[PDB]
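J.: Got a structure here, written out as structure tokens. Questions coming.
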Amino acid sequence: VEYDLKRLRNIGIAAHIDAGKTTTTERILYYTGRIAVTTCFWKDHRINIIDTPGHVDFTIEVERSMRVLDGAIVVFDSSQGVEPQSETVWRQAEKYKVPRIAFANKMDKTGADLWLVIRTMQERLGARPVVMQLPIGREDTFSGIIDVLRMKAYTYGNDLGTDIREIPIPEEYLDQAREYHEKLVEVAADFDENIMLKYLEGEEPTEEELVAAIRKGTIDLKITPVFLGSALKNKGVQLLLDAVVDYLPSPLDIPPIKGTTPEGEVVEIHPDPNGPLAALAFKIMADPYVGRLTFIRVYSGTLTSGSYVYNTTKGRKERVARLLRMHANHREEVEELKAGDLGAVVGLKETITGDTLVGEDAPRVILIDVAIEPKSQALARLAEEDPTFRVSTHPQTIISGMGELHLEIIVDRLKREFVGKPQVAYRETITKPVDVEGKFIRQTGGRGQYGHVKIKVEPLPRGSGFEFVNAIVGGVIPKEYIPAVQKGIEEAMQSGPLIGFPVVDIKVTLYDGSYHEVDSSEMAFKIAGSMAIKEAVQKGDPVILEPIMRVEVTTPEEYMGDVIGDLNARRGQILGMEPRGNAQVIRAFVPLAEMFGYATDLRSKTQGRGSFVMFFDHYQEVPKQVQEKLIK
């Protein structure tokens, strides 16, 4: 019993709200429960159920939720096969190469038609779908379910699961089954030579050969078997499981994961238990008891309760208090989880998500600027988890960073859990080298001040930051003020001549000036300094730098034209593109500003079938035609 790395099946139920990703799990658990990562046994196997983001988009949450599991059961709404949403899920599973099966749920709701699913899938996703079971009864008749592999029926006595009888296929369907059973028999052929020869003689192949040949084909990604049923009616839930055990991948089925080692080079992280440990934190949930817990996934070696781990992604060392195992009904305190498994590690700090943990003996390996900003308690705890955003000064309340309205996630993880102007982060920098001077003669009253300096600001390559230099020879400006100067210069940078945005990519070279043996002061040289600047800037054909964007739109081949079109209107610079299995993806450059509410446009331009993504790539000027407008 206990554990065998072959008995492990780590899966997540990818789908949508409606499709039934929830009910579908609520039942599974109900069922495995008798006869953020809940685990439950089913027929000799440990099934780890890695809860999926399921909020449709918002990859980085979904990607982690992906690289972390092996299985995946894309469940569909049999009232409309491949609805737009679930496709994108697929694309996601698609992208990350996760082997997967399909569940035609709601097989009793009015529209319910298995083929509708089979038609679509083959069409929209372009998958090679195997039909695993036929249904008996139609929609709100849908009685039992057939197994075209073992050729055996199951009639469900009620919508509760307290009734269910194996029965021979009533002759009503007798042929239909005999038909698809052979199509299946066929498919296998393609994978197990041995099979075919039996196909061609009409020789019926062993149950294993099939079930096992078909499994090979799925883990290979060449196919996607299909099961059907009703979750909120108790029909099929069990079988769906059998499937999971039957054809989904255990950790060793999956290919070793690659890893960035310093010195470059990516490597093979085998699930060798007797190997040096390596794991990944993907979700953190503050628990009522025990508190902040970290769910992980062991990839190589073994982690034991009360041990030390070196989080590479953060240089900090951490001690693993105790370890836990989340069940539906009862947390499970344990002393260790081996390579391939995964669970919650209680007692940890400093460490986040997507972090890489190792063994203080083992090899240490690793597995944004926030261009958009709007207007105490809250941000401190919100800053605890989420190093993405940034509490910022700026001339008085400016959350700043990453994806549109993801900030609105921070806005609602605020005034809910605990405005406006979602605007582009612009910059200002000269383009031609200027030579200036600053001066500050005052009286302030009876105490006279004096501060006079001379600099030469230049255009720094985009990317280079700020560079402050000193040419001052033998004190013309006394060494004790120079820093003051550097301070004022550091203040002027704050609000650019043009539109008042940080100034950047500039080289300040202080080279002369003067002073009054006493009329000078610290406040004095910080002034002429934030003058010599604000001055040299507006007199240096200043510019407005905007965030050119790097985007990844995923359009099926169908609309891949008018997309490259609208996109091109976005002032974007398409630069390439590769195909993503069925559909094709396009990577370009699109000036952030020319991109808001893009989501719903893509939404409309493609029937709600396209999905993009974007990471800040860089800064570039903006033709006066844009600036002229931007200055209005």
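So you can find residues: chains in the structure tokens are A, B, ... in the order shown, residues in each start at 1, and ligands are numbered from 1 in order.
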List as a PyMOL selection string the protein and nucleic acid residues near segment 64-66 of chain A, meaning an atom at most 12 Å away when only C-alpha atoms are counted, but skip any in the same chain fewer than 6 places from it.
T.: chain A and resi 10-14+36-37+49-55+58+72+89-100+280-283+295-297+353-355+367
J.: Please save C-alpha atoms of the selected residues as a PDB file, in the first residue's frame.
T.:
```pdb
ATOM      1  CA  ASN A  10      -1.324  14.497  -9.717  1.00  0.00           C
ATOM      2  CA  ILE A  11      -4.099  16.183 -11.561  1.00  0.00           C
ATOM      3  CA  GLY A  12      -6.153  19.390 -11.674  1.00  0.00           C
ATOM      4  CA  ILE A  13      -9.650  19.786 -13.104  1.00  0.00           C
ATOM      5  CA  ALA A  14      -9.326  22.409 -15.825  1.00  0.00           C
ATOM      6  CA  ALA A  36      -5.647  24.402  -2.147  1.00  0.00           C
ATOM      7  CA  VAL A  37      -4.426  20.857  -2.973  1.00  0.00           C
ATOM      8  CA  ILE A  49      -6.018  17.408  -6.614  1.00  0.00           C
ATOM      9  CA  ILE A  50      -4.292  20.634  -7.356  1.00  0.00           C
ATOM     10  CA  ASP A  51      -6.985  23.328  -7.361  1.00  0.00           C
ATOM     11  CA  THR A  52      -6.878  25.376 -10.575  1.00  0.00           C
ATOM     12  CA  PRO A  53      -7.108  29.192 -10.762  1.00  0.00           C
ATOM     13  CA  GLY A  54     -10.209  28.666 -12.898  1.00  0.00           C
ATOM     14  CA  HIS A  55     -10.783  32.398 -13.259  1.00  0.00           C
ATOM     15  CA  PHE A  58      -4.523  35.446 -15.447  1.00  0.00           C
ATOM     16  CA  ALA A  72      -5.688  17.460 -16.295  1.00  0.00           C
ATOM     17  CA  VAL A  89      -8.020  26.522 -21.032  1.00  0.00           C
ATOM     18  CA  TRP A  90      -7.114  23.835 -23.490  1.00  0.00           C
ATOM     19  CA  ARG A  91      -4.655  26.220 -25.165  1.00  0.00           C
ATOM     20  CA  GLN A  92      -3.170  26.648 -21.727  1.00  0.00           C
ATOM     21  CA  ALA A  93      -2.905  22.878 -21.155  1.00  0.00           C
ATOM     22  CA  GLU A  94      -1.899  22.755 -24.771  1.00  0.00           C
ATOM     23  CA  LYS A  95       0.967  25.230 -24.254  1.00  0.00           C
ATOM     24  CA  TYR A  96       2.351  23.463 -21.193  1.00  0.00           C
ATOM     25  CA  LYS A  97       2.019  20.057 -22.890  1.00  0.00           C
ATOM     26  CA  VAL A  98      -0.081  18.542 -20.075  1.00  0.00           C
ATOM     27  CA  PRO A  99      -1.559  15.136 -21.120  1.00  0.00           C
ATOM     28  CA  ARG A 100      -5.325  15.313 -20.754  1.00  0.00           C
ATOM     29  CA  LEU A 280       8.423  24.482  -5.831  1.00  0.00           C
ATOM     30  CA  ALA A 281       6.108  26.749  -3.881  1.00  0.00           C
ATOM     31  CA  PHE A 282       3.089  27.624  -6.006  1.00  0.00           C
ATOM     32  CA  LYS A 283       0.385  28.757  -3.596  1.00  0.00           C
ATOM     33  CA  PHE A 295       2.000  24.227  -0.746  1.00  0.00           C
ATOM     34  CA  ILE A 296       4.825  22.682  -2.730  1.00  0.00           C
ATOM     35  CA  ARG A 297       5.728  19.939  -5.147  1.00  0.00           C
ATOM     36  CA  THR A 353       5.426  31.686  -4.761  1.00  0.00           C
ATOM     37  CA  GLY A 354       7.282  30.389  -7.788  1.00  0.00           C
ATOM     38  CA  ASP A 355      10.264  30.147  -5.489  1.00  0.00           C
ATOM     39  CA  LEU A 367      13.597  26.940 -11.800  1.00  0.00           C
TER      40      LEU A 367
END
```
J.: Skipping near chain neighbours, those fewer than 2 positions away, what residues fall within 7 Å of residue 275 of chain A using only C-alpha atoms, listed as number ranges by chain?
T.: A: 272-273, 277, 300-301
J.: Take the residues that were just selected and, keeping N, CA, C and O atoms, output them as a short mmCIF file (atom, residue, chain, number, x, y, z; two decimals), in the first residue's frame.
T.:
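This is the output file again-v1.cif:
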```
data_model
loop_
_atom_site.label_atom_id
_atom_site.label_comp_id
_atom_site.auth_asym_id
_atom_site.auth_seq_id
_atom_site.Cartn_x
_atom_site.Cartn_y
_atom_site.Cartn_z
N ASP A 272 13.99 11.36 -8.75
CA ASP A 272 14.74 10.39 -7.98
C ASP A 272 14.68 10.81 -6.53
O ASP A 272 15.25 11.81 -6.11
N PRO A 273 13.98 10.02 -5.73
CA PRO A 273 13.80 10.26 -4.30
C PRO A 273 15.14 10.28 -3.59
O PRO A 273 15.39 11.14 -2.74
N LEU A 277 17.27 17.04 -2.94
CA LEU A 277 15.96 17.66 -3.05
C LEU A 277 15.86 18.94 -3.86
O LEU A 277 16.81 19.72 -3.97
N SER A 300 12.72 16.28 -6.92
CA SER A 300 13.83 15.35 -6.78
C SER A 300 14.23 15.25 -5.31
O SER A 300 14.20 16.25 -4.59
N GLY A 301 14.59 14.05 -4.87
CA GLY A 301 15.02 13.86 -3.49
C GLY A 301 13.90 13.80 -2.48
O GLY A 301 12.75 13.59 -2.86
#
```
J.: Just want the 10 Å neighbourhood of residue 131 of chain A, counted on only C-alpha atoms, with same-chain residues fewer than 3 positions away dropped. Output as an MDAnalysis selection string.
T.: chainID A and resid 102 114:115 118 128 134 147:149 180:181 183:184 224:228
J.: Give the strand (DSSP E or B) residues of segment 308-439 of chain A, as assigned by DSSP on the backbone, as a count of residues only.
T.: 37
J.: Kindly indicate which residue among A:35, A:19, A:197, A:136 lies nearest to residue 169 of chain A, using only C-alpha atoms for the distances.
T.: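 Closest residue, counting only C-alpha atoms: A:136.
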J.: When you look at residue 503 of chain A with a cut-off of 9 Å (counting only C-alpha atoms), what residues show up, excluding the ones that are within fewer than 5 positions of it in the same chain? I need them as a list in words.
T.: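 Here the qualifying residues turn out to be residues 427, 428, 429, 430, 492, 493, 494, 495, 496, 497 and 537 of chain A.
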J.: Please, could you write that set of residues out with N, CA and C atoms as a short mmCIF file (atom, residue, chain, number, x, y, z; two decimals), in the first residue's frame?
T.:
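Heads up, here's the output in result-v2.cif:
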```
data_model
loop_
_atom_site.label_atom_id
_atom_site.label_comp_id
_atom_site.auth_asym_id
_atom_site.auth_seq_id
_atom_site.Cartn_x
_atom_site.Cartn_y
_atom_site.Cartn_z
N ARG A 427 8.21 58.78 -19.37
CA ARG A 427 9.50 59.25 -18.87
C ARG A 427 9.93 60.45 -19.71
N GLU A 428 11.00 61.15 -19.33
CA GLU A 428 11.44 62.31 -20.12
C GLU A 428 12.95 62.32 -20.12
N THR A 429 13.55 62.54 -21.28
CA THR A 429 15.01 62.52 -21.42
C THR A 429 15.45 63.39 -22.58
N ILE A 430 16.57 64.08 -22.45
CA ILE A 430 17.01 64.90 -23.58
C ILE A 430 17.52 64.04 -24.74
N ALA A 492 14.95 67.22 -8.85
CA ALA A 492 14.48 67.72 -10.14
C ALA A 492 14.06 66.55 -11.06
N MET A 493 14.89 65.51 -11.09
CA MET A 493 14.62 64.31 -11.87
C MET A 493 13.16 63.93 -11.73
N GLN A 494 12.64 64.09 -10.52
CA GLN A 494 11.28 63.73 -10.18
C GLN A 494 10.19 64.18 -11.14
N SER A 495 10.14 65.46 -11.45
CA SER A 495 9.06 65.93 -12.30
C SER A 495 9.53 66.64 -13.53
N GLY A 496 9.58 65.89 -14.63
CA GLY A 496 10.04 66.43 -15.90
C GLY A 496 9.45 67.69 -16.51
N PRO A 497 10.30 68.49 -17.17
CA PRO A 497 9.88 69.73 -17.81
C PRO A 497 8.55 69.57 -18.51
N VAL A 537 17.23 70.49 -18.94
CA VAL A 537 16.34 69.51 -19.53
C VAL A 537 15.46 70.01 -20.63
#
```
J.: Measure the distance from atom CA of residue 476 of chain A to atom CA of residue 515 of chain A in Å and round it to one decimal.
T.: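 Going from atom CA of residue 476 of chain A over to atom CA of residue 515 of chain A, I get 7.2 Å.
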J.: Given the choices A:396, A:465, A:266, A:8, which gets closest to residue 248 of chain A if the distance is worked out from only C-alpha atoms?
T.: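 The answer is A:8, which sits nearest to residue 248 of chain A.
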J.: Could you check how far atom CA of residue 376 of chain A sits from atom CA of residue 409 of chain A, in Å to one decimal?
T.: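 That distance, rounded to one decimal, is 17.7 Å.
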J.: For residue 86 of chain A, please output as a ChimeraX atom specification all residues within 12 Å (counting only C-alpha atoms; exclusion window: fewer than 3 positions along the same chain).
T.: /A:13-21,54-57,73-78,80-83,89-94,102-103,117,120-121,124-125,608-611
J.: Using only C-alpha atoms, which of A:445, A:513, A:340, A:561 sits nearest residue 529 of chain A?
T.: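 Ranked by minimum distance to residue 529 of chain A, first place goes to A:513.
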J.: DSSP on the backbone, then: every residue of segment 297-497 of chain A marked alpha helix (DSSP H), written as a VMD selection string.
T.: chain A and resid 379 to 382 407 to 411 482 to 492
J.: Can you tell me which residues surround residue 284 of chain A at a distance of at most 12 Å, considering only C-alpha atoms, apart from same-chain residues fewer than 5 positions away, and format the answer as a PyMOL selection string?
T.: chain A and resi 36-37+61+291-296+343-355+384-386
J.: Counting only C-alpha atoms, what is within 6 Å of residue 589 of chain A, bar same-chain residues fewer than 2 positions away, as a list in words?
T.: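 Listing them by chain and then by number gives residues 549, 550, 572 and 573 of chain A.
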J.: Between A:179, A:2, A:372, A:123, which has the minimum distance to residue 557 of chain A (counting only C-alpha atoms)?
T.: A:123
